[PDB]
Amino acid sequence: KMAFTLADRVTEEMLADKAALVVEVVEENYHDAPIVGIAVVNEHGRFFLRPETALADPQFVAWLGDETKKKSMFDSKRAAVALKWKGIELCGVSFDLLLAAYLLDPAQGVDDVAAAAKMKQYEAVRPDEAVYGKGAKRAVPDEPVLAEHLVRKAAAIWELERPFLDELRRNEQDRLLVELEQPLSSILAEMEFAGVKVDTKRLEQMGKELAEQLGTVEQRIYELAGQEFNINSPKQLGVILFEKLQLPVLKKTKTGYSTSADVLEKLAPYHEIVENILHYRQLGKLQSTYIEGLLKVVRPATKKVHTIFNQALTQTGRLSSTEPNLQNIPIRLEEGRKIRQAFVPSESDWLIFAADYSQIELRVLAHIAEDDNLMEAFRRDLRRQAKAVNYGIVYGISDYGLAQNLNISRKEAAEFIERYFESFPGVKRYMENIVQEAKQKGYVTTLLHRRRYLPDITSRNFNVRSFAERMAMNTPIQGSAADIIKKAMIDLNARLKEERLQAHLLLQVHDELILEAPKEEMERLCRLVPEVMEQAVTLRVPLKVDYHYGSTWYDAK
DNA sequence: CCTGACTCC
DNA sequence: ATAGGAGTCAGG
Ligand SMILES: Nc1ccn([C@H]2C[C@H](O)[C@@H](COP(=O)(O)OP(=O)(O)OP(=O)(O)O)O2)c(=O)n1
Ligand SMILES: Nc1ccn([C@H]2C[C@H](O)[C@@H](COP(=O)(O)OP(=O)(O)OP(=O)(O)O)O2)c(=O)n1
Ligand SMILES: [Mn+2]
């Protein structure tokens, strides 16, 4: 039904200057993962190649690394990184079907070729899950079955390129793919493969001291409670707090009494056990996640951790970070912040450099809402609890939420919101207009033409409709800020390279960039990094970047 | 596997 | 009813 050559050796007709290429890595975490199969589709035909054969072939390897030999792929970053671990360089990726699908509509959650193919009623390819199976049942099938699947995926990519590119052009999103997301993919691949070095000696010492403190807090809690119980079970905790100790029930969820941090905080005037419990649950998360969980994913020989930045997941155009997540390392409490002392440069006499956008989404909003008062404050170039309120309000917090938030009266909360929109009447207008626009069009868009569809926005159900309306208010701002830092990464890399600096990116944290570099390059970076980030886009307001460097991530403040 | 914790932006 | 976007963990 689909002819292909199950090849024993690489031939010339496989090395054309345009091809759909499949380099199959079946493990979800592709760092140092096996490549199980290769497929090439071009004008000359369809081929399957065994990886041990192809990857040890000097012409095939040469062809992968040749930028002028153009490849169309699905999830090229997965392939590029897996190939780096195999010591092979991949260049010339001209079309990425995953990223194409993602821009057309991030809600499809497209995560295999079959799911992208569905968008264009192309069905001559199976889903990966159907071929490999699930969980403990997962496995690479017999070679002829595997070969047909990889070929069918290459065929699908080969025939789907033009239809996807055609639709992107119609949406005015083709430049967003080719000039932004695709180049970013290569940059992210570099960061992931580079990894971040960890001071395991220090992290393990922190872990030993944390275990002692946990024990102390745990016993204190039992004493206060008059009983032992599992503090980490909201159910058992609920019984202690609301049945044994008879504290007021302020909130319930579908499964029982709430013990959220917000609720516990409000119960502080009733019993001191709630403050101990909050402390215990912080310490316990530090241990389970940022000591134990982090140590489990350190590569022992190099002491490096290699995250995967998911570039086609969030509904707003942000990245996410997994296994481990390096975008949520503690910072707000000194006790947790000390985890950052364990993230260190990968070479001696190198340093960590961290730069952060000031008030990014408020500046973006000022530009898009063209609010004179707000654009004014930033032209005059004018706290953690305040920041949360600022963003709360512009993004549609209610009087109830703000009151519960600042533990103030609802009346007072409602007044505050009213005066906030008086200080910034353009913002208010922008938010009423953007909702009406979303209702009329069925989607909202960002500065660089990223899109999010909101089919729920005219629901008759109040809850459903309201959530969609708040997405209409937030997505263009959060998403526009995502566009800006992404452009900034691309320009920064180019500027680092031409100036032949050794500095390279390690992490992006939504509106921060983290690099490491030889100590000699700090003065140069102090100028180069903020300049490029600030000049990424030009808005009606200024972009402002704060920066710091130090011996460890902790000290880069 | 889901829920409800803690963590970040 | 009750700002938005994320991931990992232990418990059940
Ligand atoms: N074919 C296109 C055209 C534009 N864009 C994206 C990337 C551009 O940086 C952004 C802005 O496009 P232009 O500045 O070229 O056009 P406008 O100035 O008119 O912007 P807009 O159409 O949003 O008003 O939109 C795109 O992805 N593909
Ligand atoms: N509670 C929060 C925190 C952050 N963000 C979003 C908006 C922020 O602008 C962006 C970046 O987070 P920051 O903490 O860096 O916020 P700022 O850039 O506004 O402040 P700063 O000047 O301190 O960097 O993420 C948000 O929506 N809600
Ligand atoms: Mn910032």
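Lettering of chains follows the sequences in order, A, B, ..., and the numbering in each one begins at 1.
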Whole angstrom value for the distance that separates [atom2] of [N] from [atom1] of [X]:
X       : N       : atom1 : atom2 : value
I331(A) : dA6(C)  : CD1   : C1'   : 17 Å
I240(A) : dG11(C) : CD1   : P     : 16 Å
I360(A) : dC8(B)  : CD1   : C1'   : 17 Å
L210(A) : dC6(B)  : CG    : P     : 15 Å
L286(A) : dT8(C)  : CG    : P     : 17 Å
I329(A) : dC9(C)  : CD1   : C1'   : 14 Å
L319(A) : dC8(B)  : CG    : P     : 19 Å
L278(A) : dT7(B)  : CG    : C1'   : 14 Å

Of the candidate nucleotides [options], which contains the atom at the shortest distance from the side chain of [X]?
X       : options                 : result
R332(A) : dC8(B), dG4(C), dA6(C)  : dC8(B)
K285(A) : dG5(C), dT2(C), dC9(C)  : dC9(C)
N232(A) : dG5(C), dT8(C), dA10(C) : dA10(C)
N463(A) : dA1(C), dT7(B), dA10(C) : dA1(C)
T316(A) : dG4(C), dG5(C), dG7(C)  : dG5(C)
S320(A) : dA6(C), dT8(C), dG4(C)  : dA6(C)
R318(A) : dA5(B), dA3(C), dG4(C)  : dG4(C)

Need one value for [X]: base, sugar-phosphate or nothing, where a base atom within 4.0 Å counts as base even if backbone is also close, heavy atoms only.
X       : value
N328(A) : base
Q404(A) : nothing
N405(A) : nothing
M473(A) : nothing
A482(A) : nothing
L313(A) : sugar-phosphate
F467(A) : sugar-phosphate
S466(A) : nothing

So, does [X] get its side chain near the phosphate of [N], meaning an N or O under 4.0 Å from OP1 or OP2?
X       : N       : value
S233(A) : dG12(C) : yes
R470(A) : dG4(C)  : yes
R281(A) : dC6(B)  : yes
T255(A) : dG4(B)  : yes
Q236(A) : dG12(C) : yes
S288(A) : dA10(C) : no
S260(A) : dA5(B)  : no
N230(A) : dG11(C) : yes
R452(A) : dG5(C)  : yes

Got a salt bridge between [X] and [Y], using NZ or NE/NH1/NH2 to carboxylate O under 4.0 Å?
X       : Y       : result
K487(A) : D491(A) : yes
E192(A) : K77(A)  : yes
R419(A) : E412(A) : no

Does [X] reach the main-chain N or O of [Y] with its side chain, forming a donor-acceptor pair under 3.5 Å?
X       : Y       : value
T314(A) : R318(A) : yes
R470(A) : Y395(A) : no
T475(A) : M471(A) : yes

Results of ring-ring contact (aromatic ring centres under 6.0 Å, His included) for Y554(A) - residues two or more places apart only:
none
So, north or south for the sugar of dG4(B), given that a negative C1'-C2'-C3'-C4' angle means south?
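Since its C1'-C2'-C3'-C4' torsion is negative, the sugar of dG4(B) is on the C2'-endo, or south, side.
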Check: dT3(B) base within 3.5 Å donor-acceptor of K254(A) side chain
no
Got a donor-acceptor pair under 3.5 Å from the side chain of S398(A) to the base of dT2(C)?
yes
Given the P atoms of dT2(C) and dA5(B), what is the spacing between them in whole Å?
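Here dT2(C) and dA5(B) have their P atoms 15 Å from each other.
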Does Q246(A) have any side-chain contact (heavy atoms from CB on, under 4.5 Å) partners at least two apart in sequence or in another chain, and if so, which?
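For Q246(A), no residue satisfies side-chain contact (heavy atoms from CB on, under 4.5 Å) once neighbours in sequence are set aside.
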